[PDB]
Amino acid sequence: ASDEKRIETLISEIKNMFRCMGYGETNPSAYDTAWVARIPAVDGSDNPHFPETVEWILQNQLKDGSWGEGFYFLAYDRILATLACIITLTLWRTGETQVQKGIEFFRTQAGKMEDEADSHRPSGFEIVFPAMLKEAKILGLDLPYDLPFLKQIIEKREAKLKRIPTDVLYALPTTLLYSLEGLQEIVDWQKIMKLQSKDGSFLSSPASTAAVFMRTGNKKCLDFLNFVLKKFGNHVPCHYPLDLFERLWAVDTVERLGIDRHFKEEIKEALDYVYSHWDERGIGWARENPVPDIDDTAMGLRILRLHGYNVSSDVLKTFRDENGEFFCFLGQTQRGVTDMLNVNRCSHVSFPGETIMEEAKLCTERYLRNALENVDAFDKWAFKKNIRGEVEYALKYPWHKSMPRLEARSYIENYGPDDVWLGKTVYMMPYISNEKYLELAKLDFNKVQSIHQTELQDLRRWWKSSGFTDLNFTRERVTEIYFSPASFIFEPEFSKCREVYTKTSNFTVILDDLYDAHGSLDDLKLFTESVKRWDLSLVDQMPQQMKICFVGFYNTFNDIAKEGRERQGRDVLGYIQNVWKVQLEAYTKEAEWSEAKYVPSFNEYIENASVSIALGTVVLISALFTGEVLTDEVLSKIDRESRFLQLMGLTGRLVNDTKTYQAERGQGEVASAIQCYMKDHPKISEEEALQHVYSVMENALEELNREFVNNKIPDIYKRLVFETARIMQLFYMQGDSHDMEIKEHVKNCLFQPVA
């Protein structure tokens, strides 16, 4: 069974996972199950109302005497679950031996809590754990109550309860409701009932709902427990359902790992579901959740937006405070690296005028950067394999600078296939953290990279066979150029588009140097004229170097024209000539301005420079080789007259200029974005200019997002336009050497395989 069969296997297995998604897949919560097991039979009989949960407890104690998730050891988790189970078995006068083994484990573990201090405290631990300690004491259980840890956590809980703001606690549903089982002595049940969830739960917590039921007999509470038990039979998780959380994270996982193309139909079915549950105030982890959270809302906002759904960034307003800081829940100060990170990724995919997204970007940036000072890579205590790596990548390579292969490689190395999650207890999400996603991501990434190494070879032979080794006015760089399309339109099906993209880009570089060689304009005119009549009637009047350049140009494009005519069902030479006609004209205007040392105004310069940068040319010629006939209607949406292509050219030109103007300002050319802006405003500071140009670029990138997302154009053409702009943002990104960075990208995408 070769790696190709394995790939097929993994794909069908992962497709089944998506088809199986319902209310959520997770592990049992011994702690919550213990609480459900406490509910006495409704008929007044002396039996648990859910006998199966008591039996579950009896059958699932671990070898060391504790209860909890065996897969991953967390001290807090084990002592929490053990105490909870011991109390429940004691109440039912059953499992005498298990209770004894549990007591012993609890006692041994209770005395070692000082070496687990660096571990993370489970949600509501300090509220729920001491509350049971007091129960245990009343029942006379033999526990090391005098141990500092246990004696002091009870005292701290007491000082925490008397410090809770009654108003907030009863005004709206809050995460405090997630642990009502630990607030049973200080809560006004009647006021609490008004904050019940639509499905009858209290913030989706089974133990919390069980406690409320035992105190009020409220029937909807029972309906929620029956509903949870309908799914799990004889036990419950620490929160349910998890339908929105599971679907959004599964989709984000396969996209970030770069294997999403294999599940378009599944991702479609999952997102339709999430959207049918979309709420303008934001969403939670479960359909119709009592309270939304910034993490699920930010995830959903970005992914639903990128997939064409009509969602608004207004959903984030729910998490913004009067000062512009964002938190995970309305009315709370809680937030963490993981959620600020997903919020940060989301804030970059904004449209013009979305002030909230800009504020989210600023807040998350300051918070993530301040966090990378106190967080270590691969921290042995964190539940994520390497959040620091995800942060570092997200901050250095944001949306507009992140190419698919590079992001996929990054996540492939930071993704933890066996990460656990921390809630009221330690829980696992089989459809988010799975060895199969990662296995497929690696096999697929190397299979693709292998195909790319072949293509690269065949491009390097084209360069040598064209004798371009003769050209002395331009530095050879097929690899560097091939990296670009390879980084975004990587699929094996687009090999031809990659080839033509590479050759066309290389020619825009060669001709760019030719027209900027400061030679004679009369000579350049022969090249332009040759392209117009498309023959070799002027090759004899051409300088040595130019002649070679053109012959190569002519031979290469007659080839592309032929293959293009066959894939388009019509002659494409006229099309190719017109594409180049405008490109050469743009080069010609710069050359004339150069020889005359003219510095046009900003507007005039940018209009020509947006074209001279040549990104449009690369796109228009590559668009003939996608695999589908390019109709006149599709073309009109990406041609030189479209706002979409114009913005791509504009952003490419500006990023290139804000950077290179540095050295070229002394190399000669005095006409550039910055230089020209300064000429239109001599009453302006140099720095103020560079910055202004960064502002224009940014608004343009923001407008480009909206085009990329909202324009009804076949996906492949939107990628060709949008990714080409990104490649420029990456190559000319704000640094802080330079060419060393490129070297690294080339290595990560084309040579070093993932293991």
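Each residue number is its position in the shown sequence, starting from 1.
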Length class of the unmodelled deposited segment, which would lie between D736 and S737
4 to 9
Quick check: 721-729 versus 707-715, which has the larger average CA B-factor in the record?
707-715
Of the two stretches 240-248 and 534-542, which shows the higher Cα B-factor on average in the entry?
534-542
Among the candidates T658, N446, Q646, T175, give the one with the maximum CA B-factor reported in the record.
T658
Say you rank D64, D43, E52, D32 by Cα B-factor from the PDB entry; which sits at the top?
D43
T504's Cα B-factor: lowest, middle or highest third of the chain?
lowest
Assigned third (lowest, middle, highest) for the C-alpha B factor of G300:
lowest
Of the three thirds of its chain by CA temperature factor, lowest, middle or highest, which one includes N47?
highest
Could you tell me which third, lowest, middle or highest, the C-alpha B-factor of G111 occupies within its chain?
highest
Split the chain's modelled residues into thirds by Cα B-factor; is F468 in the lowest, middle or highest one?
highest
